[PDB]
Amino acid sequence: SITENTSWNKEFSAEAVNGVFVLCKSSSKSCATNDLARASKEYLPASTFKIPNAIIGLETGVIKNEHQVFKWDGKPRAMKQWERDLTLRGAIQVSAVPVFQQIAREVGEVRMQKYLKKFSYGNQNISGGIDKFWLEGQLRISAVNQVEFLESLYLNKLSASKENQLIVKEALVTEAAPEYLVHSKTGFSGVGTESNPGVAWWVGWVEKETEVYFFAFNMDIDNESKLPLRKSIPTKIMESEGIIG
Amino acid sequence: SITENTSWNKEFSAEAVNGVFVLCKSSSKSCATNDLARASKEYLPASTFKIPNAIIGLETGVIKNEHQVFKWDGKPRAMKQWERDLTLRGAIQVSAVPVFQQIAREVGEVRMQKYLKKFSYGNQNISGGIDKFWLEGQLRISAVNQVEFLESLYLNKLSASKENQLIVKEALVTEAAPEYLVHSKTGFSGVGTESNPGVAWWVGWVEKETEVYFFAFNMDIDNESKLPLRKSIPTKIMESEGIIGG
Ligand SMILES: *[C@@]1(=O)[C]2[C](C([O])=O)[C](O[C])S[C]2C1(Cl)Cl
């Protein structure tokens, strides 16, 4: 399945970044990575968890349908971008944490556990509170597991209805051209401490002509100013592969 | 109950074009157009027909599923961009006529007629050739009918599985930002002469924040260099309406 490509470290060392990129053409059966060990090391998913959380909210009927609006109650939120009504797509795209915290509460620990089992989602440990397990709790997943998850979603092979998978897929589109389509989701757990840094992610897949490439990136982050690297490092790697695009 | 907004006409005259723009906020119960008469006139749909044709291809099973690949057999095609295997979205986005002529033949006249009736698609006249009725045959549809069809698609209300309607919607995404998403399709019947012009279209819808706007534009085309007006005239109107830009 997985092979090391040590040329890809240039991008990490340039920035003194401890991280991993996993990139798979056509399927998870052929991945390459800069760091064999870290590729299956597991980290808080943070807001990449909105992908399965959204699927689960639709499957359970907690989210009515693709057209549900999540209204802002006018009360303060941690980000200005979350202070307004958001569609499902909008709430994923701006990573509106409190929308999904309330979705998780309505889903409930029994159903959330059930679904993460069906999804083979990381260590499947949702302890730490129903509305914060993926943010500061015990849930962990690796970049390889993300790429496996995203591939099932791409093929509509998760245990949820095909309509709900397609709904979340359109919500993930972040770049659209006549012959190049990108689906992707960022994550950022916070800056932690210098001793125990946070994690940042970018995961998704690229459709180019008739090919597909799945990717998952994570890195340790103790400084918010380093945040863009979660897209720029994978972007430069994929550009050097001719994928981007 | 469509209203006329004549102030939009200066965007057409400025470019010496005759055409119509229909724009509906929230639903087709709230539409506005520059030209009430041309808004209901019916024109050859050209490549805009790839929308219903794709849904029908999926419903009939001619198109196997969303990941179907349409293989190029190597024989020459009008455009290099068509001379390659294509996904369903790639074939729509580059408007690869030959892939859809073949889907249309496989669907055949009986089933095609039946879906166009279910979809209330234009004059529903597909006569004269199953693989060109939308390119140079008798099929005709108005800008108001395009917006009503597209709203149905957006709402998953067409007579087709929700799943196939979702497949086709993703294939129509042309613009994407975190709170702005555009689904659309161009079409162009060919450059005509001044007295017998072709038609160019741009149809689709825009989700901005939590609002949705359905739109359909067409214009007479008798000069090839004017083709890009099919996008810049409606773009300018949507700017002045405050949909494009903050
Ligand atoms: C989720 O992890 C989002 C992060 C992300 O990756 O998008 C940041 O968004 C820029 S902050 C929000 C949280 Cl941290 Cl919950």
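Numbers restart at 1 for each chain; the letters A, B, ... are given by sequence-line order, proteins then strands. Basis for what follows: all heavy atoms, side chains included, without hydrogens, waters or symmetry-related copies.
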**Q** If I take atom NZ from residue B/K162 and atom CG from residue A/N164, how far apart are they, to the nearest 0.5 angstrom?
**A** 7.5 Å
**Q** Where along residues 52-76 of chain B does a heavy atom come under 4.5 Å of chain A, listed by residue number?
**A** B/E66, B/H67, B/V69
**Q** Count the heavy atoms belonging to other residues, nucleotides or ligands that lie under 6.0 Å from CE of B/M79, then report whether that count exceeds 12.
**A**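 More than 12 heavy atoms, drawn from other residues, nucleotides or ligands, come within 6.0 Å of this atom.
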**Q** Quick check on B/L155 against chain A: is it the side chain, the backbone, both or neither that has a heavy atom closer than 4.5 Å?
**A** both
**Q** Please determine, among B/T87, B/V94, B/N156, B/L181, the option with the most heavy-atom pairs under 4.5 Å with chain A.
**A** B/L181
**Q** Please report the closest heavy-atom contact between B/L166 and A/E163, naming both atoms and the distance.
**A** CD1-O, 3.6 Å
**Q** Is it true that atom NZ of B/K118 has more than 12 heavy atoms of other residues, nucleotides or ligands lying nearer than 6.0 Å?
**A**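 Atom NZ in B/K118 is crowded, with more than 12 foreign heavy atoms closer than 6.0 Å.
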**Q** Between B/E207, B/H183, B/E175, which shows the greatest number of heavy-atom pairs under 4.5 Å with chain A?
**A**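 Counting heavy-atom pairs under 4.5 Å, the top option is B/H183.
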**Q** Are there residues of residues 232-245 of chain A that reach to under 4.5 Å of chain B by heavy atoms, and which ones?
**A** none
**Q** Under 4.5 Å between any side-chain heavy atoms of B/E170 and A/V173, yes or no?
**A** yes
**Q** Is there a side chain to side chain contact (heavy atoms under 4.5 Å, CB included) between A/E179 and B/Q81? Walk through the geometry before answering.
**A** CA-CA 10 Å; A/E179 57 329 337; B/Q81 214 156 188; 5.6 Å; no
**Q** If I measure from the heavy atoms of chain A, does B/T174 come under 4.5 Å with its side chain, its backbone, both, or neither?
**A** backbone
**Q** Side chain, backbone, both or neither: which part of A/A177 has a heavy atom under 4.5 Å from chain B?
**A**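 The backbone, not the side chain.
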**Q** Check whether A/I92 gets within reach of chain B through its side chain, its backbone, both or neither, counting any heavy atom under 4.5 Å.
**A** neither
